[PDB]
């Protein structure tokens, strides 16, 4: 059926503040139905995979599910970015671990920073 702002949110499993947030950023479109629910879960899911608000708008451009080549591309690009970020964080984790190890085994941290 059609639904009020509060029931919409309940059906979509999200805060009312989040529905409003999504409306102001224009990731949506009185009352609401199942397409709206599905649309909100679309956004929330994508957001959770690390897509930016902009990237999600592009992704929604392809919502009718007949542009697979273009969809993969957004995901593959995001994946590339994720992997770079992980490779950087990994480089930090390695050195930080190494510094701590030397801290406990004694200031080497400061020494190494200089």
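Positions refer to the first chain, counted from 1.
- Unmodelled residues of the deposited sequence between residue 82 and residue 83: none, the chain being continuous.
- Gap between residue 106 and residue 107: 4 to 9 deposited residues without coordinates.
- 30-38 and 43-51 differ in mean CA B-factor, and the higher of the two is recorded for 30-38.
- The entry lists a Cα temperature factor for residue 100 that places it in the middle third of the chain's modelled residues.
- Per-chain ranking of the deposited C-alpha B factor places residue 20 in the lowest third.
- Residue 71 sits in the middle third of its chain by CA B factor, as recorded in the PDB entry.
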